[PDB]
Amino acid sequence: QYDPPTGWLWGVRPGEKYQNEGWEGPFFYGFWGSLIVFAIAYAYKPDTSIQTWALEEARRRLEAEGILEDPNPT
Amino acid sequence: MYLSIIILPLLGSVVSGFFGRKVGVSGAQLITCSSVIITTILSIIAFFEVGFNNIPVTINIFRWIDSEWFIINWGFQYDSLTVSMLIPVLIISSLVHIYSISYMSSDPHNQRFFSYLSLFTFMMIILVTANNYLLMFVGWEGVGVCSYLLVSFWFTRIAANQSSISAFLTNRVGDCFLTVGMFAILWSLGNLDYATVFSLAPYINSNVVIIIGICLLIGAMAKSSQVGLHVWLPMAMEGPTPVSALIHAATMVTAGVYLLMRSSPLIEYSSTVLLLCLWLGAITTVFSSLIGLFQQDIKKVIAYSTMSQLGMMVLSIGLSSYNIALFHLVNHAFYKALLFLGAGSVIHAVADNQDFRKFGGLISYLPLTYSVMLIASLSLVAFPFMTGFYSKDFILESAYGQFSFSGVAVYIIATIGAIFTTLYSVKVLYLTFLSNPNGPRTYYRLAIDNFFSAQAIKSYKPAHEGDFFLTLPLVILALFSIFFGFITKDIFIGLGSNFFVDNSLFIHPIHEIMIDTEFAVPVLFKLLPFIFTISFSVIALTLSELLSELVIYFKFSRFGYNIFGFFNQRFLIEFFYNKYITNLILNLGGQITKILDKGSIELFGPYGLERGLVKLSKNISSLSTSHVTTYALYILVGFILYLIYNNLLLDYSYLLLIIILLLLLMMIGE
Amino acid sequence: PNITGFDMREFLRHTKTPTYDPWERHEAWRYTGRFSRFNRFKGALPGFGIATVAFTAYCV
Amino acid sequence: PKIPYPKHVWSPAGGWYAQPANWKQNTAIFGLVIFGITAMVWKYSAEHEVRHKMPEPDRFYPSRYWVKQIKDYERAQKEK
Amino acid sequence: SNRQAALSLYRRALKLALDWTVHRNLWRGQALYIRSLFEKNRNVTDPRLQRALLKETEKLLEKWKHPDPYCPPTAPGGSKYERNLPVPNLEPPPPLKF
Amino acid sequence: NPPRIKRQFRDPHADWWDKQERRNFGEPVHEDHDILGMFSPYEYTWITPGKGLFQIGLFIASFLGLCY
Amino acid sequence: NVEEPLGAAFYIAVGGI
Amino acid sequence: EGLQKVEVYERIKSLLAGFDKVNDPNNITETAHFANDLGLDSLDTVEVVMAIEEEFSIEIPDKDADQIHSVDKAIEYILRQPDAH
Amino acid sequence: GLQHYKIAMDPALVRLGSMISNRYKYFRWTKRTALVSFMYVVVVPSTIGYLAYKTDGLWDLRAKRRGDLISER
């Protein structure tokens, strides 16, 4: 035999319900909400890292060698 | 398929562990076991894909760590070593998952148990499928966290707590050298991808290869529990028996062996690390067999047998024969699990007893259990024509086949290890089933005899066999231990097989011993371990239920008493580890906390300055009397002293000397 | 030596099955038909008997 | 028997002997979630699994039916 | 005093003979030999000798101590001991805010 | 300060307020109470380390004997 | 035999993916 | 579901009958004392508990091995320990 | 501030914690102690620092092939 799952999440007994303390709206809609909105906006932030700039040049530098057959024969 | 093999066991664990309230017990088992059966199916397919076709596959998902020269990727490469290593891991994990449905069916926390073994599964795949050493280390660190979490599953038991600290800390001592070894690889190569490390290894400084290989050896020594960092493994048996089969018998302990096999292109270019490989394993395989004979717990004997066969794997790598080590690592996995799982049904049949002193006669009570444990025992002893025979016995031939001093030396070193393996094999098999009853009535009191007047319904419980979920893995694992070695002996051993031709297992022409092993070894040496096994097994049967006094005479002989306790107490290694390493580390901390950080640092510092400066200030306050004559005299003293300093053209050192010297008087009381 | 009359050799000399003990009637059950020297090894090699007949048939 | 335990303790792994009355209905829901993203992992893998060797046409190789880097090769070789 | 301790060492003696000799046939002969030793010195009366006699056999129990004695799984030191310990306090927490 | 002994060596079967720890409630404690309790490095009491080192040395002698 | 809701955490994790 | 009164009595009854030193198998009851009722002595009775512990797979501490001196106390002491199998 | 749960406050354990908290006031410069303080504050850092001085620039692994050496000094 098995028992049904039990317990008081957040310590709220089955008779009662959870009571808001005052930090919930600011934390969920503000701090967490801003962090999510920041995440999607980060997906559109243009790339500004030194690698992707240097990969482009280094690609050309190795292209003018025996490595990395370039698309155009100039 | 090649990213779904990786990810699927992770999903089962997350649902079983974070939503086990919602899926319940049987739902959590259904999800976790299905995710492992399906992952097993694909890894069998991926074997035919990669191995039988020589088509390795590469998956790069995204980059993990990008910093200048170092570009570590979340990336996965399947090769001949990867798919071969994934077969025992996934097959045994599937069976142990099925085994656990009926084994842990009494334990309350049953969602957490199934989530952990499905999390261990994920990590063991992460380890062997990585592109580089650092992504391999995520699985290595994660297997240690999963082994810790399962050795301390019964966390209200202090014994399980101490055995889990030992497992987690001993394995970090190896990871320190493993982490330093990767630092040496990054220093000398600018990356640690397998492709870059192994392509450039022949041209790299011989000394840095020794430095790198030594660190890889010490890390591999801890997780494969070789003769130095071995104490955590027998302690790992505090966890549930199915954990002991999957993690401490066939998969996690084989990670160190996989590391040397994976690193073979690098370590082939330094004979020094192969010589230490050849002697670490030889010492370990005999250090283990000598201990397992004297253990009174069944699981302790099987753990010690695991480390002897792990030494046999390490010794083979020292012979630079990584194909045999892979063949033995795979063949050992199948029969060792059957031994742990078969023993697990023995402990379950009795009232969870684990002492040999309370078993015997159980052959009529556990007919299937005895038969599968007998099959597993012959493969472990390398009885001819069995799965374990083709693998381990060939390492012995290879050891002598390498016609060197060390090779012949460790053939001798390992032939005693073969002898004592037979002796523990007999002890487990005889004392459990074939011996006279040493346990109480309850284990044996069948219902044929009445023995009861009004309570005939209950109180019998005469150590029955298991159920379907408990025995089905035992039957499946039995087939492998009879036939699997023969079917696959061409893939790994062969004579010229081309299975690992993606530079997966690299062997250099210079010290290859395959041709001489099959031709130069005399016939007697090839067949010698079989002779020594039959001879030493009948004697063990003859010295128990046939003569059986000589052991009692020896156990009370003054000399035999000490060596019984020397080997029962595991070469006294743990005794010297605690009082000279962990207690010394604990006493060093005590010195710093009590004498330094709550002692002299306070006194020669803030508290001392605070104590003295209060004293000094009170003394200067004493000169304050509010008497004008005293204060006039102070003024006159200071007036004439300024005349002394200026008119006499004194050195300023004198003035500084006086000032300090006056503070030292004022510091002095009265 | 050994003011208590314990001698290890005589301890060892008394290491056997005693001719008389106050306890056979409770201990005798262990050395019985179920746990005889013969019935205990009756199936030490479970499938050996059948395989021998089958192997002979294949040879012929 | 069955170990007594507090009924006031909430666990995400369930608790002590936790089996919900709807275990099957929720196991079905979670099994669909696992299958759903496993297929997504399958889709991503098939597109980025890179090989340097092409399997023989007569050989058992179920990868041939989804992975793109050799699916196009088979049709490219089917042009002569 | 001088009576309970004598009986305790009797059990320790029989326990240690079985712990070393696993075979129940053979410990039975050993156990019968031990009972003779306890029976032989039954009539010792002087407390000075009694304390000395008890002290000596404690060394014998130490001189042939087993490297690991048998311990039932539920016993302290057994394999199953403290395995699934229940919570001590089954009552719910009192109403407090943290 | 009470005598410094690991609490391993108390009676498991005695009446203890904390049976797991083997300690009574008012019981005085050592300044090393943290590393003297049940959850602490086990104290192996088989033999003295002086004899223990000797026994290991004989195995090293045997191992070198086979090497020669 | 109390029923179990899937629960907001199920949708937060699933919705996040 | 645990150990019952009828189970322990019939199991213990078949045990002390294994002596060749008791007065008679018919002289043992629930309230039979180890010394006054049935025939044992100081040294035999401690061997009984060292067989009772073996055949219930428990451990009898020395402090509790002395109060046990009659069959009735043996019956109730077993029922107090839930570890008995 | 806010009240907590009821704790069986062990008098021995709370006086051990008070002694450990207050231990700094009773330290003295004795024969053994100056050796302990000198060993761990001076000797051990001095040894570690000296070996760092004598090995600084000594080795480099960066791209050492067969034919070069780890040593540079």
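First chain written, first letter: the chains are A, B, C, D, E, F, G, H and I, and each begins at residue 1.
Keep this in mind: a residue touches a chain if its C-beta (ideal position, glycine included) is under 8 Å from a C-beta of that chain, and two chains touch if they have at least 3 such contacts.
Listed by label, the chains that touch subunit C and also subunit H are B, E. The interface with the largest number of contacting C-beta pairs joins chains B-D.
Chain centres here are Cα averages; for subunit A and subunit B they lie 36 Å apart. Centroid to centroid, with C-alpha atoms defining each point, subunit B and subunit C lie 38 Å apart.
Each chain gets a centre from the mean of its Cα atoms; for subunit F and subunit I, those two points are 26 Å apart. The set of subunit A residues that touch two or more partner chains comprises 2, 4-6, 8, 13.
For subunit H, the set of residues touching two or more other chains reads 14, 57, 59, 62. Residue positions 21, 24-26, 67, 72, 76, 82, 84-85, 92-93 of subunit E are each in touch with at least two other chains. Per the touch definition, subunit A reaches subunit G in the complex via residues 4-6. Residues 1-4, 6, 14, 17 of subunit G are the ones touching subunit D in the complex.
For subunit B in complex with subunit A, the touching residues are 21, 24-25, 66.
For subunit I in complex with subunit F, the touching residues are 8, 10-13, 16, 19-20.
Contacts from subunit D toward subunit B in the complex involve residues 2-3, 5, 11-20, 23-24, 26-27, 30-31, 33-34, 37-38, 41-42, 44-45, 48-56, 59-63.
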